[PDB]
Amino acid sequence: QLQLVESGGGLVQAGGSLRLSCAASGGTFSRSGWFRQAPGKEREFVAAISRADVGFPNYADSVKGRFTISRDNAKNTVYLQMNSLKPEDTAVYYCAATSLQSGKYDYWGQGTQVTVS
Amino acid sequence: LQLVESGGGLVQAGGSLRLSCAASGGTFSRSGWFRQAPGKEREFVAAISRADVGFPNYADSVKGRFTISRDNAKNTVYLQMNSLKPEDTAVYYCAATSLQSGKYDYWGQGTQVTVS
Amino acid sequence: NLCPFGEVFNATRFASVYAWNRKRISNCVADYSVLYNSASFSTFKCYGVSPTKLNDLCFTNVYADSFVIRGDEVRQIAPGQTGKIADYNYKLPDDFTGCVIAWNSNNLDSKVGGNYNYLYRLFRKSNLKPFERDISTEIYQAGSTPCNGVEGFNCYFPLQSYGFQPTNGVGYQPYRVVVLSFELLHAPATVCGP
Amino acid sequence: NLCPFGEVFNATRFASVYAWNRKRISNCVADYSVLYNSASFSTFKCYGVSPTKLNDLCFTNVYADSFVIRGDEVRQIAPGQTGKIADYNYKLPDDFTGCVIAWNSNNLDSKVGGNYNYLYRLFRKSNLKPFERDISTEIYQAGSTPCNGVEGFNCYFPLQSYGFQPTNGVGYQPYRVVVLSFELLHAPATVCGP
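Chains as they are written, first to last, in the deposited numbering: chain D, 1 to 117; chain C, 2 to 117; chain B, 334 to 527; chain A, 334 to 527.
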């Protein structure tokens with residue numbers, strides 16, 4: 001069993017630059033992604049990146065330019081640099097990994113609130 | 002850089018020979034065939050370069066009767082001679098160009114080709 | 334000259350199978366029994382041709398495709414097989430005429446952390462035709478719902494990674510494959526044998 | 334959206350300098366600290382613009398000319414230079430405004446028996462104008478006698494082969510080159526950046 005543990009949201013002024021992180025304890029997987037769930041709405045995709053090529057990254061259109069996903073294969077950790085934030089970004093950010101077997105997002109972090117004003 | 006020819010002889014008009022030319026063993030950038038009839042000056046026959054993408058070139062007399070071809074791995078260059086005419090009687094030299102200057106610097110010894 | 338198998342077999346990097354690589358062999362002489370009587374091959378199939386009596390043949394062209402897959406997937410590099418490899422990655426035609434040579438490459442392709450550089454297509458709308466080669470990276474639409482470039486349920490990134498470690502099971506270990514297919518044409522033979 | 338430099342730098346085969354590829358770039362955003370902070374080039378000069386300030390500019394089009402030459406000739410891909418490359422194959426104008434990027438591509442363009450598929454022009458009557466391309470294959474006439482499309486004495490086929498072979502002195506090893514040109518039309522600029 002593989003575990004994802006996220007670290008660090010909070011409150012940010014419109015324009016700020018949080019950095020989210022995720023440590024994948026004692027496990028192995030092929031692709032890591034970030035998802036946000038706004039209050040009321042349905043959970044949504046933000047960006048992902050896979051274990052080999054920091055040339056396979058995908059971003060939602062509403063964050064392109066502003067967010068960047070980051071991989072550190074050493075420490076088994078993924079980072080989400082968030083820049084130019086807007087209230088539209090206010091949500092709970094989940095980290096997830098795709099199982100080596102079914103290539104689907106099967107393993108999940110416990111979310112972390114990010115608020116922007 | 003050294004060139005050897007091999008293959009001439011006598012053929013009744015209408016026959017066919019194949020000339021082969023082993024290089025020892027380029028380097029060079031383009032190999033061609035030239036011929037010398039007795040008492041004439043050394044006419045160009047056909048040429049092709051080492052560069053895969055081309056670049057064959059034939060004189061008009063033998064256009065369509067002669068085919069040049071190379072084998073880069075073997076470093077050899079062949080000349081298929083078909084529909085031979087008695088006007089094709091002469092000594093046949095292959096030559097390659099220097100990688101440095103684009104001139105034909107290295108020459109084979111010659112190979113006599115007769116056509117009755 | 335003498336055909337360069339050593340360039341294909343003994344080469345340093347091997348392709349991930351989904352982007353398998355093909356070198357074309359032509360105008361030389363092949364001693365297939367340096368390979369036959371070699372060892373450290375775990376699979377040396379041949380089809381429509383006999384594995385001894387190889388240097389008795391002449392061909393117009395030989396093609397050597399090569400890639401890495403898992404142990405349990407070597408059975409899928411064969412005519413008429415199905416599986417994520419034979420369907421989505423590398424398809425041999427039912428009428429194949431060549432040889433399938435594979436060997437274990439644990440001690441080269443499995444890093445202790447696990448080498449995730451070796452990939453394989455896990456989704457595809459339709460099967461590969463024979464010797465077809467697909468390298469797109471566009472998100473796979475599994476449902477009715479357009480994905481608009483985004484990942485998520487029923488919207489998958491098509492490529493997948495092998496988890497290549499030592500002390501995996503032997504059938505989860507990295508194997509290096511070489512498929513040689515022979516072409517007979519109205520042209521003259523170029524590859525023969527001594 | 335984002336400019337397709339990978340389509341230009343991470344290309345698979347490059348052009349011969351005499352027949353140099355040009356790709357127009359437009360309707361995209363260009364981060365140039367993507368490149369210059371990545372990829373491990375050898376040369377990354379800019380003329381008339383500071384490499385820092387690239388991100389802040391905006392152009393109508395950007396033209397990327399990509400080709401290959403050996404390393405000692407890279408010094409001629411610069412304004413007001415001369416040599417067989419700047420005279421007969423690719424000339425920069427003297428008021429040039431753009432960038433010149435280069436890297437060593439021995440790992441990739443030299444064959445153990447020597448690759449010969451990269452050419453350059455050795456003979457010409459006139460010096461090329463800036464950004465001129467010449468790909469004719471007529472026999473260069475060097476003396477009194479006309480050539481009539483036939484090589485021989487004083488008549489030379491103009492295209493020469495590079496001898497790209499590893500174990501070449503680094504100055505005779507192959508280098509891939511990319512020249513960026515920034516164009517300013519009295520029209521809405523379409524390539525901008527962060």
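Note that CB positions come from ideal geometry on N, CA and C, so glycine has one too.
- A residue is called buried when at least 16 other Cβ atoms come within 10 angstroms of its Cβ; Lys424(B) meets this threshold and is buried.
- Between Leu18(C) and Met82(C) a beta carbon distance of about 5 Å is seen, short of the 8 Å cut, so the two are scored as contacting.
- Under DSSP, the beta-bridge partners assigned to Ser349(B) are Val401(B).
- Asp405(A) and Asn388(A) have their C-alpha atoms some 30 Å from each other.
- Between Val511(B) and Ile434(B), the gap from beta carbon to beta carbon is short of 7 Å.
- Judged by DSSP in its simplified three-state form, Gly446(A) adopts coil rather than helix or strand.
- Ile358(B) is positioned such that its CB atom lies closer than 7 Å to that of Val395(B).
- Residues of chain C whose Cβ lies closer than 7 Å to the Cβ of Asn334(B) are, in chain order, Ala74 and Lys75.
- The beta carbon of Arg454(B) sits closer than 8 Å to the beta carbons of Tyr351, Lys417, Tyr421, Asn422, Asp467, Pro491, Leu492 and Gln493 from its chain, once the five residues preceding and following it are set aside; these are given in chain order.
- Sixteen is the threshold: since fewer than 16 other Cβ atoms of the shown chains lie within 10 Å of the Cβ of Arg346(A), the residue is exposed.
- According to the DSSP secondary-structure assignment, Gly33(D) is paired through a beta bridge with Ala48(D) and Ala96(D).
- Not a single C-beta of chain C is nearer than 7 Å to the C-beta of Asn439(B).
- Listed along chain C are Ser30, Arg31, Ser50, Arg51, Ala52 and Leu100, each with a C-beta nearer than 8 Å to that of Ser494(A).
- Counting C-beta pairs with one atom in each stretch, the stretch 28 to 35 of chain C and the stretch 45 to 61 of chain C have three or more that are closer than 8 Å, which means they touch.
- Chain-ordered, the chain A residues with CB closer than 8 Å to the CB of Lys104(C) read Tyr489.
- Secondary structure at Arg357(A): strand, using DSSP grouped into helix, strand and coil.
- By the rule that beta-carbons nearer than 7 Å mark a contact, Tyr449(A) touches chain C.
- Shown in chain order are the members of the stretch 345 to 366 of chain B whose Cβ falls below 8 Å from a Cβ of chain C: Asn360 and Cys361.
- The beta carbon of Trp436(B) lies closer than 8 Å to those of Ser373, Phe374, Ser375, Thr376, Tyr508 and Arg509 in the same chain, with the five residues before and after it left out.
- Contact annotation, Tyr79(D) with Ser21(D): C-beta distance approximately 5 Å; criterion of less than 8 Å satisfied.
- With a cutoff of 7 Å on beta-carbon distance, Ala74(C) and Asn334(B) are scored as near each other.
- For the pair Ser349(B) and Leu452(B), the CB atoms are nearer than the 7 Å cut-off.
- Residue state for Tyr451(A) is assigned as coil, using DSSP reduced to three classes.
- Nearest to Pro463(A) by alpha-carbon distance, out of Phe338(A), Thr415(A), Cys480(A) and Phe497(A), is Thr415(A).
- If you compare the alpha carbons of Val401(A), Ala344(A) and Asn439(A) with that of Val503(A), the shortest gap goes to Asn439(A).
- Within the stretch 59 to 70 of chain D, contact with chain B at the beta-carbon level (separation under 8 Å) is assigned to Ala60 and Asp61.
- Fully enclosed beta strand (DSSP E) runs of no fewer than 3 residues occupy 452 to 454, 492 to 494 and 507 to 516 of the stretch 441 to 521 of chain B, in order along the chain.
- Across the structure, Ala14(C) and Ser62(C) are spaced so that their CA atoms are roughly 15 Å apart.
- Spanning the alpha carbons of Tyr489(B) and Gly103(D) requires a straight line of approximately 7 Å.
- Residue range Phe338 to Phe342 is occupied by the alpha helix (DSSP H) that includes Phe338(B), with no beta strand (DSSP E) assigned at that position.
- Residues of the same chain with a CB within less than 8 Å of the CB of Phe29(D), apart from the 5 flanking positions on each side, are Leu2, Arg51, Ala97, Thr98, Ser99, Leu100 and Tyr107 in chain order.
- For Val362(B), the secondary structure class from DSSP, reduced to helix, strand or coil, is strand.
- Rounded to the nearest whole angstrom, the C-alpha separation of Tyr473(A) and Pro527(B) is 45 Å.
- With its beta carbon less than 7 Å from one in chain D, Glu484(B) belongs to the interface.
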